[PDB]
$ cat my_file.cif   # mmCIF, C-alpha atoms (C1' of nucleotides) and all ligand atoms
data_run
#
loop_
_atom_site.label_atom_id
_atom_site.label_comp_id
_atom_site.auth_asym_id
_atom_site.auth_seq_id
_atom_site.Cartn_x
_atom_site.Cartn_y
_atom_site.Cartn_z
CA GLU A 9 27.75 54.42 181.11
CA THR A 10 29.75 57.49 180.07
CA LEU A 11 33.34 57.14 181.25
CA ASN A 12 33.74 54.20 178.91
CA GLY A 13 31.38 55.41 176.18
CA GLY A 14 33.85 55.93 173.33
CA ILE A 15 34.96 52.52 174.06
CA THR A 16 31.92 50.54 174.14
CA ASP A 17 30.58 52.39 171.12
CA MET A 18 33.77 51.96 168.97
CA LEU A 19 33.90 48.30 169.93
CA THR A 20 30.26 47.42 169.19
CA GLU A 21 30.70 49.19 165.82
CA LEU A 22 33.65 46.89 165.44
CA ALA A 23 31.69 43.76 166.36
CA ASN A 24 28.62 44.66 164.43
CA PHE A 25 30.83 44.62 161.44
CA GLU A 26 32.49 41.19 161.54
CA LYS A 27 29.16 39.66 162.14
CA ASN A 28 27.58 41.33 159.07
CA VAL A 29 29.78 42.39 156.27
CA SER A 30 32.19 39.63 157.28
CA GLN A 31 31.11 36.25 158.65
CA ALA A 32 33.64 36.29 161.57
CA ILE A 33 31.40 35.04 164.37
CA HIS A 34 34.19 34.67 166.83
CA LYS A 35 35.96 38.04 166.48
CA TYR A 36 32.53 39.41 166.54
CA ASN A 37 31.58 37.67 169.69
CA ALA A 38 34.95 38.73 171.14
CA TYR A 39 34.48 42.56 170.75
CA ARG A 40 31.19 42.21 172.31
CA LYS A 41 32.38 40.63 175.50
CA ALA A 42 35.24 43.11 175.49
CA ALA A 43 32.90 45.99 174.92
CA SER A 44 31.06 44.39 177.77
CA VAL A 45 33.76 44.27 180.42
CA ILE A 46 35.37 47.56 179.45
CA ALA A 47 32.00 49.16 180.14
CA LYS A 48 31.60 47.59 183.52
CA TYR A 49 34.82 48.94 184.99
CA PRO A 50 34.57 51.90 187.25
CA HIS A 51 37.42 53.97 186.08
CA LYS A 52 38.71 55.97 183.12
CA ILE A 53 40.64 53.67 180.90
CA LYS A 54 43.69 55.78 180.39
CA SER A 55 45.42 53.41 178.14
CA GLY A 56 44.93 50.17 176.43
CA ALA A 57 47.49 48.58 178.80
CA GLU A 58 45.40 49.45 181.82
CA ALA A 59 42.46 47.98 179.85
CA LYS A 60 44.37 44.92 178.87
CA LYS A 61 44.19 43.97 182.46
CA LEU A 62 40.64 42.96 181.89
CA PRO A 63 39.47 39.70 180.74
CA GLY A 64 38.86 39.44 176.98
CA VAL A 65 41.07 42.24 176.73
CA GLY A 66 43.73 40.92 174.57
CA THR A 67 46.41 42.52 172.63
CA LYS A 68 44.12 43.00 169.67
CA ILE A 69 41.40 45.14 171.25
CA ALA A 70 43.77 46.98 173.47
CA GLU A 71 45.72 48.26 170.50
CA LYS A 72 42.45 49.53 169.27
CA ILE A 73 41.64 51.39 172.41
CA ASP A 74 45.21 53.03 172.30
CA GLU A 75 44.70 54.58 168.80
CA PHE A 76 41.13 55.64 169.68
CA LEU A 77 42.59 57.06 172.85
CA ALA A 78 45.42 58.86 171.17
CA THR A 79 43.54 60.31 168.18
CA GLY A 80 39.82 61.09 167.94
CA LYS A 81 39.68 58.19 165.54
CA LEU A 82 40.45 54.78 164.37
CA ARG A 83 41.20 53.93 160.68
CA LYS A 84 39.48 50.54 160.51
CA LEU A 85 36.40 52.33 161.61
CA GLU A 86 37.07 55.17 159.24
CA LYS A 87 37.73 52.73 156.46
CA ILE A 88 34.54 50.55 157.08
CA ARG A 89 32.37 53.63 157.51
CA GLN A 90 33.53 54.41 154.02
CA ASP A 91 33.18 50.92 152.40
CA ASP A 92 30.50 50.84 149.77
CA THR A 93 30.20 47.13 149.73
CA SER A 94 29.92 47.01 153.48
CA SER A 95 27.82 50.14 153.57
CA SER A 96 25.35 48.38 151.34
CA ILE A 97 24.99 45.32 153.45
CA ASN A 98 24.11 47.54 156.24
CA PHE A 99 21.23 49.04 154.39
CA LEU A 100 19.56 46.19 152.27
CA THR A 101 19.43 44.59 155.62
CA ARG A 102 16.62 47.07 156.47
CA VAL A 103 14.32 45.26 154.17
CA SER A 104 12.21 43.09 156.39
CA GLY A 105 13.10 39.64 155.03
CA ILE A 106 16.64 40.51 154.15
CA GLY A 107 19.14 39.41 156.80
CA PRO A 108 22.95 39.31 156.59
CA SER A 109 23.07 36.19 154.57
CA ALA A 110 20.74 37.40 151.92
CA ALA A 111 22.49 40.75 152.08
CA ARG A 112 25.82 39.42 150.91
CA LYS A 113 24.18 37.29 148.30
CA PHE A 114 22.27 40.24 146.72
CA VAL A 115 25.28 42.44 146.85
CA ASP A 116 27.38 39.82 145.24
CA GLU A 117 24.92 39.66 142.40
CA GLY A 118 24.95 43.42 142.21
CA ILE A 119 21.65 44.53 143.80
CA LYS A 120 22.66 47.15 146.27
CA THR A 121 19.79 49.41 146.41
CA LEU A 122 16.16 49.95 146.58
CA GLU A 123 15.69 50.11 142.91
CA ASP A 124 18.11 47.29 142.38
CA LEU A 125 15.87 45.19 144.36
CA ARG A 126 12.75 46.41 142.46
CA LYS A 127 14.03 45.18 139.14
CA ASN A 128 14.59 41.99 140.80
CA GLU A 129 11.35 41.36 142.47
CA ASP A 130 11.65 37.78 141.23
CA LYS A 131 14.76 37.45 143.23
CA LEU A 132 12.80 38.07 146.39
CA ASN A 133 10.41 35.89 148.24
CA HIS A 134 6.98 36.76 149.46
CA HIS A 135 8.27 37.97 152.80
CA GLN A 136 11.07 40.11 151.33
CA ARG A 137 8.56 41.31 148.73
CA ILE A 138 6.05 42.67 151.14
CA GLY A 139 9.16 43.96 152.93
CA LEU A 140 10.03 45.80 149.66
CA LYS A 141 6.73 46.96 148.84
CA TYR A 142 6.46 48.33 152.35
CA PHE A 143 9.93 49.59 152.90
CA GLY A 144 8.81 53.07 154.25
CA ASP A 145 5.92 52.37 156.61
CA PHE A 146 8.05 49.54 158.13
CA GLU A 147 10.42 52.14 159.20
CA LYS A 148 7.70 54.51 160.35
CA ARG A 149 6.83 54.64 164.00
CA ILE A 150 3.36 54.09 165.39
CA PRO A 151 1.62 56.69 167.40
CA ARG A 152 -0.07 55.57 170.51
CA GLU A 153 -3.14 57.35 169.21
CA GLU A 154 -2.92 54.84 166.40
CA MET A 155 -2.09 51.91 168.70
CA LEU A 156 -5.20 52.64 170.65
CA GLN A 157 -6.93 52.65 167.22
CA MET A 158 -6.15 49.25 166.05
CA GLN A 159 -6.39 47.93 169.58
CA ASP A 160 -10.02 48.72 169.48
CA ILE A 161 -10.79 46.94 166.29
CA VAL A 162 -8.80 43.88 167.25
CA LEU A 163 -10.52 43.20 170.43
CA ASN A 164 -13.76 43.64 168.48
CA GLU A 165 -13.54 40.88 166.12
CA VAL A 166 -11.79 38.82 168.78
CA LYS A 167 -14.88 39.05 170.85
CA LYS A 168 -17.19 38.78 167.76
CA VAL A 169 -15.75 35.38 166.77
CA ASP A 170 -15.84 33.76 170.17
CA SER A 171 -16.68 35.53 173.35
CA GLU A 172 -14.28 33.19 175.17
CA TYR A 173 -11.09 34.70 173.75
CA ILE A 174 -8.45 36.71 175.58
CA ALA A 175 -6.15 39.15 173.87
CA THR A 176 -3.79 41.74 175.06
CA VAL A 177 -1.64 44.02 173.16
CA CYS A 178 1.67 43.75 174.91
CA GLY A 179 4.94 45.71 174.45
CA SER A 180 5.84 49.32 175.31
CA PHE A 181 2.31 50.36 174.32
CA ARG A 182 1.37 48.09 177.02
CA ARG A 183 3.69 50.25 179.21
CA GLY A 184 2.18 53.68 178.16
CA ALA A 185 4.79 54.52 175.47
CA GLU A 186 4.04 57.70 173.40
CA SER A 187 4.56 55.59 170.21
CA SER A 188 5.46 52.13 169.07
CA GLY A 189 6.98 50.03 166.26
CA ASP A 190 4.40 47.17 165.85
CA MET A 191 1.48 45.52 167.51
CA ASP A 192 1.95 42.61 169.81
CA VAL A 193 -1.11 40.82 170.53
CA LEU A 194 -0.82 37.83 172.97
CA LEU A 195 -3.87 35.63 172.63
CA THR A 196 -5.30 32.72 174.49
CA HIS A 197 -8.32 30.64 174.90
CA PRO A 198 -9.51 28.48 177.81
CA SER A 199 -10.06 25.68 175.40
CA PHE A 200 -6.26 25.42 174.98
CA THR A 201 -3.71 24.63 177.57
CA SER A 202 -0.48 22.88 178.34
CA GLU A 203 -1.90 19.42 177.37
CA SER A 204 -5.27 19.93 175.47
CA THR A 205 -3.52 19.15 172.31
CA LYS A 206 -4.01 22.33 170.30
CA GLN A 207 -6.80 23.82 168.27
CA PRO A 208 -4.87 25.60 165.47
CA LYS A 209 -8.27 26.73 164.45
CA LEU A 210 -8.34 29.07 167.50
CA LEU A 211 -5.57 31.18 165.93
CA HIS A 212 -6.70 30.50 162.30
CA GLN A 213 -10.22 31.72 163.27
CA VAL A 214 -9.26 35.21 164.16
CA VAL A 215 -6.79 35.87 161.43
CA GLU A 216 -9.63 35.15 159.13
CA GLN A 217 -11.89 37.58 160.89
CA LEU A 218 -9.55 40.60 161.02
CA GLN A 219 -8.71 39.82 157.39
CA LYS A 220 -12.31 39.59 156.42
CA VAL A 221 -13.21 43.04 157.54
CA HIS A 222 -9.95 44.66 156.43
CA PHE A 223 -7.43 44.79 159.03
CA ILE A 224 -5.03 42.15 158.05
CA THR A 225 -3.87 42.77 154.46
CA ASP A 226 -0.94 40.60 154.15
CA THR A 227 0.56 37.38 154.95
CA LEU A 228 4.13 37.38 156.08
CA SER A 229 3.83 34.12 157.78
CA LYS A 230 1.31 31.93 159.31
CA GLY A 231 1.57 28.94 161.49
CA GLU A 232 -0.76 27.17 163.75
CA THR A 233 0.42 29.21 166.75
CA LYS A 234 2.04 32.44 165.64
CA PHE A 235 0.76 34.49 162.64
CA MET A 236 3.07 37.18 161.24
CA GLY A 237 1.64 40.09 159.29
CA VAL A 238 0.47 43.51 158.11
CA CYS A 239 -2.35 45.83 158.78
CA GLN A 240 -3.88 49.05 158.08
CA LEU A 241 -6.24 51.30 159.63
CA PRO A 242 -9.14 52.03 157.36
CA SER A 243 -8.59 55.15 155.50
CA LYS A 244 -11.28 57.50 156.58
CA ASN A 245 -13.34 59.84 154.48
CA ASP A 246 -10.34 60.43 152.30
CA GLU A 247 -7.39 62.71 151.89
CA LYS A 248 -5.63 60.52 154.38
CA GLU A 249 -4.93 56.85 154.05
CA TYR A 250 -3.12 55.12 156.92
CA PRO A 251 0.25 53.46 156.20
CA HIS A 252 1.15 49.68 156.42
CA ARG A 253 2.04 48.24 159.95
CA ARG A 254 3.70 45.08 161.20
CA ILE A 255 1.55 42.80 163.45
CA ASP A 256 2.04 39.66 165.47
CA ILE A 257 -0.76 37.47 166.70
CA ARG A 258 0.29 34.49 168.91
CA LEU A 259 -1.73 31.63 170.59
CA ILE A 260 -1.24 30.64 174.17
CA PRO A 261 -2.28 27.82 176.50
CA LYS A 262 -4.51 29.75 178.92
CA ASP A 263 -2.51 28.09 181.73
CA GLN A 264 0.51 30.33 180.94
CA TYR A 265 -0.87 33.71 179.85
CA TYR A 266 -0.05 35.91 182.82
CA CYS A 267 3.69 35.17 182.86
CA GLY A 268 3.59 35.52 179.05
CA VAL A 269 1.81 38.70 179.53
CA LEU A 270 4.12 39.90 182.33
CA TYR A 271 7.14 39.17 180.25
CA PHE A 272 6.55 40.60 176.71
CA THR A 273 5.39 43.84 178.38
CA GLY A 274 8.81 44.09 180.01
CA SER A 275 10.68 46.53 180.25
CA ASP A 276 13.71 44.41 179.52
CA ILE A 277 15.02 45.67 182.89
CA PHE A 278 11.76 45.47 184.84
CA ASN A 279 11.59 41.82 184.21
CA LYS A 280 15.26 41.27 184.84
CA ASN A 281 14.87 42.98 188.20
CA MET A 282 11.63 41.32 189.34
CA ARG A 283 13.14 38.17 187.96
CA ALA A 284 16.25 38.53 190.09
CA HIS A 285 14.04 39.12 193.09
CA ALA A 286 12.04 35.84 192.82
CA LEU A 287 15.40 34.09 193.20
CA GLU A 288 15.66 35.43 196.65
CA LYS A 289 12.00 35.05 197.29
CA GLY A 290 12.65 31.35 196.48
CA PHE A 291 11.49 31.33 192.88
CA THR A 292 12.08 31.17 189.18
CA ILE A 293 10.18 33.24 186.69
CA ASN A 294 10.54 32.63 182.95
CA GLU A 295 8.42 33.29 179.87
CA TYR A 296 5.56 30.81 180.73
CA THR A 297 5.75 29.97 184.36
CA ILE A 298 6.94 30.46 187.94
CA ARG A 299 8.37 27.55 189.83
CA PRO A 300 9.31 26.99 193.57
CA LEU A 301 13.03 26.71 194.24
CA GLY A 302 14.28 23.60 195.95
CA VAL A 303 17.47 24.01 197.93
CA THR A 304 19.29 20.96 196.27
CA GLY A 305 20.30 23.67 193.81
CA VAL A 306 17.10 23.73 191.78
CA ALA A 307 13.50 22.65 191.79
CA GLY A 308 10.35 22.70 189.73
CA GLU A 309 6.58 22.69 190.00
CA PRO A 310 4.59 25.36 188.23
CA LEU A 311 2.53 27.41 190.63
CA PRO A 312 -0.96 28.35 189.44
CA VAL A 313 -1.46 31.79 187.84
CA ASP A 314 -4.85 33.49 187.32
CA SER A 315 -3.44 37.01 186.90
CA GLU A 316 -0.39 39.25 186.79
CA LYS A 317 -1.23 39.52 190.50
CA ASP A 318 -0.53 35.92 191.56
CA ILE A 319 2.90 36.35 190.18
CA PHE A 320 3.37 39.46 192.42
CA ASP A 321 1.83 37.89 195.61
CA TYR A 322 4.08 34.88 195.10
CA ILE A 323 7.29 36.92 195.12
CA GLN A 324 5.65 39.15 197.74
CA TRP A 325 5.99 42.30 195.78
CA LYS A 326 4.09 45.42 195.06
CA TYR A 327 1.67 45.16 192.15
CA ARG A 328 3.29 47.39 189.64
CA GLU A 329 1.01 49.01 187.13
CA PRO A 330 2.36 48.28 183.78
CA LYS A 331 2.64 52.07 183.47
CA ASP A 332 5.58 52.07 185.87
CA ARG A 333 6.97 48.68 184.97
CA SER A 334 9.61 50.85 183.47
CA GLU A 335 12.45 49.34 185.51
"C1'" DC B 1 15.16 30.71 172.10
"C1'" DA B 2 11.20 29.27 169.34
"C1'" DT B 3 8.33 29.07 165.40
"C1'" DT B 4 8.01 29.37 160.08
"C1'" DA B 5 9.69 29.48 154.98
"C1'" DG B 6 11.80 27.39 151.84
"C1'" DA B 7 14.64 25.03 149.19
"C1'" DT C 1 16.61 18.23 156.85
"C1'" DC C 2 19.00 22.56 157.47
"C1'" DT C 3 19.46 27.45 157.56
"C1'" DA C 4 17.57 32.20 157.70
"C1'" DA C 5 14.80 35.56 159.38
"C1'" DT C 6 11.83 37.34 162.95
"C1'" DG C 7 11.00 38.44 167.37
NA NA A 401 43.32 40.00 180.67
NA NA A 402 15.68 43.46 158.14
#
$ encode --input "my_file.cif" --output "structure tokens" --more "lines below"
Ligand code: NA
Ligand code: NA
Amino acid sequence: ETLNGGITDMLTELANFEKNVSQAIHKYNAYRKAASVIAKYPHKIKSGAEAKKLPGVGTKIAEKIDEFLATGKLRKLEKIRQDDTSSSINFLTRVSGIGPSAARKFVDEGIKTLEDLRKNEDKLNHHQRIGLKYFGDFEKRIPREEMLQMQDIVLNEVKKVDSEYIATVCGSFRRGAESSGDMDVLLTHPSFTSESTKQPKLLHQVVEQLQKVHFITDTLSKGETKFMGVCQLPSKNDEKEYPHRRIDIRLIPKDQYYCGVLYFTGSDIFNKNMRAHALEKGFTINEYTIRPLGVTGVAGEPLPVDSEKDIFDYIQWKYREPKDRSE
DNA sequence: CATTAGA
DNA sequence: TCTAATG
């Protein structure tokens, strides 16, 4: 957590590279595991050799630790940090819709910057376009005060369309968070479950609504189960227009909401922990269900959930307000 | 780890 | 159909 810091940070840097700038999946996967084990270990790696002891810790990585250990640096890092081609990749990549693959491609054509990409709007697709045209606000954070803003509206049309809908803005907002990146609404309707072969309309109904009135302003992607998009709070009585904000609406068989709800809300650790616990408590929690463990090694059989509560009772735990679902 | 674009 | 990008 701190005795291995320099390591694990130098290494990840290392890994993050091969996977992007370069296509070296393997080497990339390697530094990660390495960065992984070297971080576990309880002592101060005083030398690569002592490190080398560890699994994944080959001659390659060890050498690296030695030079980082000896001098406050590492050239390969100092070189990469410098690399303008690389450097670029790293950045275009910020464009929602640009990934590593498209990064290299653009760069190899010569687009390496914001403007570069403007002049080549044609060279972008709808997604990457909106991504372009929204470059700034996509980076911008979202105040809770704003979360709480949009939340309101959303649940309004939701209810206005069909009173039988259920929506819940999940995430860290869900967990109290003084600010957030995007809105995660989980949605479900009783008239849709495990079997009841769809009703794409259910999802398609609401997107229309929100859109109608003004919330949704863009289409990033829409499928019969998950809609991807943009939104903007109405710009008041002027002098202040709200900026553009990512949004994700997703359908759900009412017979799997609670776990779905439990889960997305996290925290990544809270889940992991409560999840580890059900194992003892003779269970198995995972994204849409909770099944009873059968000694043979494994079992199945989805227990019935009506609330975040059933899940808790089942594993015989304390209902944890989302607020403190922190870990 | 799954759902969408798009080519 | 695959392959990229998101989450
Ligand atoms: Na070893
Ligand atoms: Na991106």
$ residues_around --input "my_file.cif" --residues "residue C:7" --least-positions-apart "3" --cutoff "10 Å" --atoms "only C-alpha atoms (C1' of nucleotides)" --output "list in words"
residues 256 of chain A; 1, 2 and 3 of chain B
$ residues_near_ligand --input "my_file.cif" --ligand "ligand NA 401 (chain A)" --cutoff "6 Å" --atoms "only C-alpha atoms (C1' of nucleotides) and all ligand atoms" --output "PyMOL selection string"
chain A and resi 60-65
$ interface_residues --input "my_file.cif" --of "chain A" --to "chain C" --cutoff "10 Å" --atoms "all atoms listed in the file" --output "number ranges by chain"
A: 104-110, 135-136, 236, 256
$ write_last_selection --input "my_file.cif" --atoms "C-alpha atoms" --output "PDB file, in the frame of the given file"
ATOM      1  CA  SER A 104      12.210  43.090 156.390  1.00  0.00           C
ATOM      2  CA  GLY A 105      13.100  39.640 155.030  1.00  0.00           C
ATOM      3  CA  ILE A 106      16.640  40.510 154.150  1.00  0.00           C
ATOM      4  CA  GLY A 107      19.140  39.410 156.800  1.00  0.00           C
ATOM      5  CA  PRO A 108      22.950  39.310 156.590  1.00  0.00           C
ATOM      6  CA  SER A 109      23.070  36.190 154.570  1.00  0.00           C
ATOM      7  CA  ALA A 110      20.740  37.400 151.920  1.00  0.00           C
ATOM      8  CA  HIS A 135       8.270  37.970 152.800  1.00  0.00           C
ATOM      9  CA  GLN A 136      11.070  40.110 151.330  1.00  0.00           C
ATOM     10  CA  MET A 236       3.070  37.180 161.240  1.00  0.00           C
ATOM     11  CA  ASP A 256       2.040  39.660 165.470  1.00  0.00           C
TER      12      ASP A 256
END
$ residues_around --input "my_file.cif" --residues "residue B:4" --least-positions-apart "3" --cutoff "9 Å" --atoms "all atoms listed in the file" --output "count of residues only"
4
$ residues_around --input "my_file.cif" --residues "residue A:17" --least-positions-apart "3" --cutoff "12 Å" --atoms "all atoms listed in the file" --output "list in words"
residues 9, 10, 11, 12, 13, 14, 20, 21, 22, 23, 24, 39, 40, 42, 43, 44, 46, 47, 73, 76 and 85 of chain A
$ write_last_selection --input "my_file.cif" --atoms "C-alpha atoms" --output "PDB file, in the coordinates of the input"
ATOM      1  CA  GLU A   9      27.750  54.420 181.110  1.00  0.00           C
ATOM      2  CA  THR A  10      29.750  57.490 180.070  1.00  0.00           C
ATOM      3  CA  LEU A  11      33.340  57.140 181.250  1.00  0.00           C
ATOM      4  CA  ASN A  12      33.740  54.200 178.910  1.00  0.00           C
ATOM      5  CA  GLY A  13      31.380  55.410 176.180  1.00  0.00           C
ATOM      6  CA  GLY A  14      33.850  55.930 173.330  1.00  0.00           C
ATOM      7  CA  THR A  20      30.260  47.420 169.190  1.00  0.00           C
ATOM      8  CA  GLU A  21      30.700  49.190 165.820  1.00  0.00           C
ATOM      9  CA  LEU A  22      33.650  46.890 165.440  1.00  0.00           C
ATOM     10  CA  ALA A  23      31.690  43.760 166.360  1.00  0.00           C
ATOM     11  CA  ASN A  24      28.620  44.660 164.430  1.00  0.00           C
ATOM     12  CA  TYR A  39      34.480  42.560 170.750  1.00  0.00           C
ATOM     13  CA  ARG A  40      31.190  42.210 172.310  1.00  0.00           C
ATOM     14  CA  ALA A  42      35.240  43.110 175.490  1.00  0.00           C
ATOM     15  CA  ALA A  43      32.900  45.990 174.920  1.00  0.00           C
ATOM     16  CA  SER A  44      31.060  44.390 177.770  1.00  0.00           C
ATOM     17  CA  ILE A  46      35.370  47.560 179.450  1.00  0.00           C
ATOM     18  CA  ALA A  47      32.000  49.160 180.140  1.00  0.00           C
ATOM     19  CA  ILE A  73      41.640  51.390 172.410  1.00  0.00           C
ATOM     20  CA  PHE A  76      41.130  55.640 169.680  1.00  0.00           C
ATOM     21  CA  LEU A  85      36.400  52.330 161.610  1.00  0.00           C
TER      22      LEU A  85
END
